[PDB]
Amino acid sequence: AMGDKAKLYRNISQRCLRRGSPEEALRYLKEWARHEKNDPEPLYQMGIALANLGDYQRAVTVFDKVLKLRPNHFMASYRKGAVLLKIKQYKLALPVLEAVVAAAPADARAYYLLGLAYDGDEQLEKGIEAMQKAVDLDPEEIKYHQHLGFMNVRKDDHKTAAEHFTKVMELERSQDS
């Protein structure tokens, strides 16, 4: 069912993304899209490309095109959530991320993103609940203790912040190779 033109442009696209030049890959993803119109994958890959180039708003638009074709596209949502967050559109990220966590409830990174989102929207206790899940799902990861630390700082509870940070340090030390 996949045409020869699509196979070709998908191939060249992949090369460009592997040699790390998104801007070129885009031109060939457009072509793959042209020839398998209604296939979400090329659109999805555009989305990834546009996000790496920092053209965030247009990545959100492309991810929406992918979600129109597959409303439960797990990764499209994850990625869209991630960019909505990088752009500081927290209120719009929350429902998306909360959907991701519902599909992949053992995925620390997701709960971390969710926590950052809640924190941006000034729902601090919900950010802490999320980020704590991320810590519990992956306790080795410094990033998560660190944010829990700063989240406690903003709560004006400096006692707990320090507990989180003393652990940040214990971790940085034992990862000295």
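Note that residue numbering follows the sequence shown and begins at 1.
- Averaged over Cα atoms, the B-factor as recorded in the entry is higher for 19-27 than for the other of 19-27 and 6-14.
- Across the two stretches, 61-69 and 119-127, the PDB entry reports the greater mean Cα temperature factor for 119-127.
- Sort the chain's modelled residues by C-alpha temperature factor and residue 91 lands in the highest third, per the entry.
- Looking at the C-alpha B-factors along this chain, the one for residue 37 belongs to the highest third.
- The PDB entry assigns residue 45 a C-alpha temperature factor belonging to the lowest third of its chain's modelled residues.
- In this PDB entry, the Cα temperature factor of residue 136 sits in the bottom third of its chain's modelled residues, the lowest group.
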